[PDB]
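# Commentary on secondary and tertiary structure
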Amino acid sequence: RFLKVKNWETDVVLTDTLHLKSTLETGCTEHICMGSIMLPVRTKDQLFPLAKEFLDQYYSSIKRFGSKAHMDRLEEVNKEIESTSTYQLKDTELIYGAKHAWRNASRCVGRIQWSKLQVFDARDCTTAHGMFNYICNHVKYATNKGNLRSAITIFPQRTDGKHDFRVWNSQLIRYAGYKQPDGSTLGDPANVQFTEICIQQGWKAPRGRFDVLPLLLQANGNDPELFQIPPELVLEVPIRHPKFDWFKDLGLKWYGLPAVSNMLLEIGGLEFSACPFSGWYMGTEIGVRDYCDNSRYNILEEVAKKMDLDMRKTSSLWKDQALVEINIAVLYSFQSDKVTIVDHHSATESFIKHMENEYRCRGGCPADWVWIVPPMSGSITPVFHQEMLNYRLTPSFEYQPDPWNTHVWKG
Amino acid sequence: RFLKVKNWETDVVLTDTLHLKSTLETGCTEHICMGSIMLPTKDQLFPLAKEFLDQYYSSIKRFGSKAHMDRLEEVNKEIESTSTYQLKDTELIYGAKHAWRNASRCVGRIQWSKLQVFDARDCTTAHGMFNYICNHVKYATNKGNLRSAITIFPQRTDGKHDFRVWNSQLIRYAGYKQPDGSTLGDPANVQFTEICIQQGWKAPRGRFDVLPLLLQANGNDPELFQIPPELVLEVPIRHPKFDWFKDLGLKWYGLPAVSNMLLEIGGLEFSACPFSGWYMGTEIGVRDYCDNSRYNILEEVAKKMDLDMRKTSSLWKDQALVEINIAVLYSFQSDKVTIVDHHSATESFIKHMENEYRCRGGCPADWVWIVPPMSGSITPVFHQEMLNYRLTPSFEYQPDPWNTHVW
Ligand code: HEM
Ligand code: HEM
Ligand SMILES: Fc1cccc(C[C@@H]2C[C@H]2NCCc2ccnc(-n3ccnc3)n2)c1
Ligand SMILES: Fc1cccc(C[C@@H]2C[C@H]2NCCc2ccnc(-n3ccnc3)n2)c1
Ligand SMILES: C[C@H](O)[C@H](O)[C@H]1CNc2nc(N)[nH]c(=O)c2N1
Ligand SMILES: C[C@H](O)[C@H](O)[C@H]1CNc2nc(N)[nH]c(=O)c2N1
Ligand SMILES: [Zn+2]
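Calculation notes
- Residues numbered from 1 in each chain as written, not as in the entry; some residues may be left out.
- Chains lettered and ligands numbered in written order.
- Heavy atoms only, no water.
- Near = heavy atom within 4 Å.
- Polar contact = N/O pair within 3.5 Å; in protein donor to acceptor, adjacent residues only side chain to side chain.
- Nonpolar A, V, L, I, M, F, W, Y, C, P; charged D, E, K, R; others polar.
- Donors = N, O, S within 2.8 Å, 3.2 Å for Na, K, Ca; no water.
- Tetrahedral: all angles 85-135°; square planar, octahedral: opposite > 155°, others 65-115°.
- Helix = DSSP H or I, 4+ residues; strand = E, 2+ residues; numbered from the N terminus.
- Contact = heavy atoms within 4.5 Å.
- Buried area = accessible area lost by both parts, 1.4 Å probe.
- Domains from an automatic or database assignment.
- Salt bridge = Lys/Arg side-chain N within 4 Å of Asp/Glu carboxyl O.
- Pairing = 2+ DSSP bridges.
- Core = buried A, V, L, I, M, F, W, Y, C linked by side-chain atoms within 4.5 Å.
- Buried < 20%, exposed > 50% of the residue type's maximum accessible area, 1.4 Å probe, protein only.
- Axes fitted to C-alpha atoms, helices over the stretch in contact; angles between N-to-C directions.
- Parallel < 35°, antiparallel > 145°, perpendicular 65-115°, else oblique.
- Left-handed = near helix turned anticlockwise from the far one by under 90°.
- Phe/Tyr/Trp six-rings, centres within 6.5 Å; stacked < 30°, edge-to-face > 60°.

For this coordinate set, the PDB header names X-ray crystallography as the determination method and states a resolution of 1.981 Å.

Given below as structure tokens:
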């Protein structure tokens, strides 16, 4: 079966065959679409076909499918599975796997870069202190004094589900959030609960508006341990505006390295519960979501007051005006400090080209329109006009429950 | 099978049971989501009639009544007898209002119960259709105080006697292909503007020429009609800061009136059922004006604002986009023509959703369409999970007449 997607602005039509290789369920049925829903211990039984499927993919990609090297590897994995109930990926397989999970991440607009991913193999790590060392090295490598480099660090895979490695932070670098007794919030409201855990675990909080959270690291199913990232490793950018000089006095800054640290990486049936990865920011992540979400820093009003906009009626579009100037500020500040960033116009244009290339070379490109379209100025980006098909391929990045909800405390 | 939707900004969780009633398919499967795809007999008829009458009679606290049973009986006999049936006026109105209520792509549904339904099932000719459409336009326009309306023409019989309005909207601007290679007016309507000429229209080849109506009654060839200019409320677009904005020479019409959809009620098919509401500002300023394949004025505006169009990262497009949408809202409000901004409209829709979940067990909504085409995440609907499914009565797309018309 073939499926066509149309770009309604260019009339370019593409044909998808790749969705046939999809196994995992979407959440949708023939009777209901769940496209806007945010989120709609493994036996040797199911493990070998998952291994085989992956190794089939891997050997095809290296033009060695059906080779003696291919067949020997399958054999070796099978024997290892029934003997040990799991298996170990070769370094080459791991790298392929990590790159392809990124390639398959339908919610990521940055995928044109998928083949350039630095993979750090941390499967020999055994303790939290060891994890901290690997993470520091990742941050330094990825940061690269502002010339950001995509990277992922992969810790040992799940075994029985009782010895999981987990980074308890949602991102490696994030600002603390503090609930005040008067009901207000200081810092990042998104991080209030995690901030409380850190404090409870013995973090001495500065209690400011932009306090970099400590790392909370779990190795081998043990209780997590606190580590402060060396401040010299945390690149931050003061936010100013090219035209408005009062903008700097808002006191805004942001960190340069966006690094997701709470997802699960699945490769060939193996589950890597700690696999922090990092790229670089698309400007709207900070300027629209981090700063302007009502549930985050929520600075729209203060900005709009300082711009002296008509704030009595929404039909003045003061919010839209303030939102644009903030995003201009974010982009300006990063570029001026020579920290890698991409605007949503550039990002989405590149994604369209990536997607077209993927359709031709790969037979498809799974994409989640709801997440790909930027949270401002949607229809003046080419992705808005692009039909997209969403389906799940493996290797993949998946959500997993927050570890504080599942952790068995040792004491 | 009982589904919850979360708002992520408010943590409000709603439980949906209404989707269970859905009958038609979405295009999605367990293995693939098609949420962003724009378009994914006697024995067929009676269960459809039955489903509709059941909900109609349920809605008036008379489910399981003799009148219910009698009506079901009467319709059943009429179908067995005539291979179709006729809706009572009360059912027709109920059906029209509920088709709007069920329109998962319409953000304006909080108004759904206040629809004026014009019954034009007695219409037999294109001149008759023209008259009904003028009356609709005059009524809906209401000198600028817009009122929601639908006019319903006779239902499909054998597919040879279809009533069709050929225009996609009652009121639209012509589009002409220059020899210069470019496009004069609205590029979306080049193909239709040609068919007007092929059938006899005399285009004044301008930029904002109100298109004539092409009306098809009872399967006949369509005829041309000029809507009385006095009935077409238009708004000159000016900005409340930039006095150069007027010289762009932009204007738009006040009445948004979809005329090419199919209304399906109780299995019956109404191929001609133009309806109108009033504009949300972004439909005009973002889509009509700034789409590349439409009037595409972003560059010209940016020039006049003297922005740095050297780099995309100056966000000159975004900046201009906002100003254009300010002008649109300003111009309509200044001329006292009903318009709603995307903030007000989406705020209204969240309230509607909560009402629907409370009083109906759910609200089908297409997030891809409900989230406005600018400033997505600063409107409440962006953070609102939505379930999309098809309920009937419904408005459906249908093929363009000029591909199907047996001339
Ligand atoms: C290199 C530049 C990159 C850019 C510009 C970029 C851009 C983005 C953006 C804008 C999102 C949406 C985030 C949100 O709204 O929550 C996203 C999500 C995502 N990205 Fe990237 N990304 C990049 C690198 C990477 C890398 C290196 C990986 C993995 C190796 C990756 C994997 C993912 C995944 C799995 C998601 C979905 C997260 C979720 O569902 O919560 N991306 N990306
Ligand atoms: C009264 C104020 C109304 C507002 C503010 C409103 C708003 C909107 C908007 C913004 C859209 C998206 C249009 C697009 O992007 O192409 C839409 C679509 C739609 N509306 Fe409304 N509307 C209103 C009235 C109505 C009425 C009176 C009806 C029917 C009786 C209706 C039925 C529909 C349908 C079926 C669609 C989907 C169009 C499509 O799929 O192409 N709406 N509405
Ligand atoms: F399914 C969900 C339920 C609740 C919240 C949510 C928000 C998603 C976590 C946010 N997605 C990651 C955001 C992020 C932060 C930093 N860097 C990056 N990043 C880096 C490379 N690619 C993305 N993404 C989803
Ligand atoms: F599937 C598609 C293929 C090509 C174009 C497309 C756009 C849909 C026509 C636009 N939907 C109606 C737009 C419109 C215009 C005027 N008024 C209203 N309107 C009035 C009340 N509610 C909506 N909608 C879809
Ligand atoms: C309900 C809705 O799915 C949710 O708000 C989504 C919308 N699209 C998004 N798109 C991106 N990139 N990131 C997000 O967090 C979201 N949130
Ligand atoms: C490809 C995508 O489905 C298409 O561009 C949609 C996106 N969302 C939309 N939303 C609305 N309201 N109207 C539209 O025409 C569209 N177009
Ligand atoms: Zn779907």
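### Details of the site of ligand 1
Residues and elements named next belong to chain A. In the vicinity of ligand 1 lie 18 residues, with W102, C108, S150, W371 and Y399 positioned nearest. In this structure, an oxygen atom belonging to ligand 1 sits 2.5 Å away from a side-chain N or O atom of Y399. Among the residues making up the shell around ligand 1, the classes are represented as 12 nonpolar, 4 polar and 2 charged.

### Structural notes on the coordination of the iron atom of ligand 1
Residues and elements named next belong to chain A. Inspection of the coordination sphere of the iron atom of ligand 1 shows a single protein donor, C108 (SG), at 2.5 Å. Each of the 6 donor atoms around the iron atom of ligand 1 contributes to a set of angles spanning 84 to 178°, which defines the coordination as octahedral. Position of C108 among the secondary structure elements: in the loop between α3 (91–103) and β3 (118–121).

### Some details on the interface of chain B and chain A
Across the boundary between the two partners, chain B contributes 63 residues, which contact 62 residues of chain A. For the pairing of chain B and chain A, the buried interface totals around 5,200 Å² over both sides, and the portion due to carbon and sulfur atoms is 62%. For the chain B face of the interface with chain A, the top three residues by lost area are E30, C33 and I378 of chain B, together amounting to 11%. Summed over the shared surface of chain B and chain A, the result is 28 residue pairs in polar contact. Considering each element in turn, the side of chain B that touches chain A owes the most residues, 10 residues, to helix α8 (residues 316–334) of chain B. Taken together, the residues of the side of chain B that touches chain A sort by class into 28 nonpolar, 24 polar and 11 charged.

### Let's talk about the domain arrangement of chain A
Residues and elements named next belong to chain A. One can read the domain layout of chain A as domain 1 (16–123 + 150–160 + 264–278 + 348–372), domain 2 (124–149 + 164–235 + 399–403) and domain 3 (236–258 + 281–346). If you average the C-alpha positions of domain 2 and of domain 3, the two centres end up 24 Å apart. In total, about 1,700 Å² of surface goes out of reach between domain 2 and domain 3, with carbon and sulfur atoms giving 55% of it. Of all residues in domain 2, the largest losses of buried area upon contact with domain 3 belong to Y175, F210 and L235, amounting jointly to 36% of the total for that side. Between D188 and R296 there is a salt bridge, and its shortest N-O distance comes to 2.8 Å. At the boundary of domain 2 with domain 3, the tally comes to 12 residue pairs in polar contact. It is helix α4 (residues 128–143) that provides the largest number of residues to the side of domain 2 that touches domain 3, a total of 3 residues.

### Here's the deal with the pairing of strand β3 (residues 116–119) of chain B
Strand direction decides the pairing type here: β3 of chain B and strand β4 (residues 149–152) of chain B, joined by 4 bridges, are parallel. Bridging from a neighbouring strand, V117 of chain B pairs with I150 of chain B of β4 of chain B.

### A short note on the nonpolar core
The nonpolar side chains of soluble globular proteins are, as a tendency, buried together. The biggest cluster of nonpolar side chains holds 124 residues, and the ones touching the most others in it are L217, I239 and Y291 of chain A together with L215, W252 and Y289 of chain B. Each residue touching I239 of chain A, except ones within four places of it in the same chain, is listed here: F247, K248, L252, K253, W254, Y291, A329, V330, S333 and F334 of chain A. Counting 56 residues, the second largest nonpolar core, distinct from the first, contains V5 and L18 of chain A together with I350 and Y357 of chain B.

### A closer look at the packing of helix α1 (residues 44–61) of chain A against helix α2 (residues 68–84) of chain A
All names here are of chain A. Look at α1 against α2: their axes get within 10 Å of each other, and the N-to-C directions meet at 160°. What the angle tells us is that α1 and α2 run roughly antiparallel. α2 is crossed by α1, and the crossing has right-handed handedness. Packed against α1, whose contacting residues are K44, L47, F48, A51, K52, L55, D56 and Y59, the element α2 presents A69, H70, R73, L74, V77, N78, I81 and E82 at the interface. Of the residues that constitute the contact of α1 with α2, the class distribution is 9 nonpolar, 2 polar and 5 charged.

### Observations regarding helix α5 (residues 192–200) of chain A
Within the span of α5 of chain A, buried status applies to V192, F194, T195, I197 and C198 of chain A. Downstream of α5 of chain A by one or two residues, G202 of chain A has phi in the positive range, about 110°.

### Things to note about the coordination of the iron atom of ligand 2
All names here are of chain B. Of all protein atoms, just one serves as a donor to the iron atom of ligand 2, and that atom is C106 (SG), at 2.4 Å. Around the iron atom of ligand 2, the 6 donor atoms are arranged such that angles at the metal cover 87 to 178°; this shape is classified as octahedral. Here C106 shows up in the loop between α3 (89–101) and β3.

### Focus on the packing of aromatic side chains
Residue and element names in this part refer to chain A. Applying the stated criterion to the full structure yields 43 aromatic pairs over all chains. Taken together, a centroid distance of 5.7 Å and an interplanar angle of 75° make the contact between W168 and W409 edge-to-face. In this pair, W168 is assigned in the loop between β5 (166–167) and β6 (177–179) and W409 in the segment after α11 (403–406), connecting sequence segments 241 residues apart. On the basis of relative accessible area, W168 is assigned to the buried category, the value being 1%. Taking the relative accessible area as the measure of exposure, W409 reaches 42% and is therefore partly exposed. Ring pairs connect the aromatic residues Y175, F210, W254, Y255, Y281, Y291 and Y297, which therefore count as one cluster.

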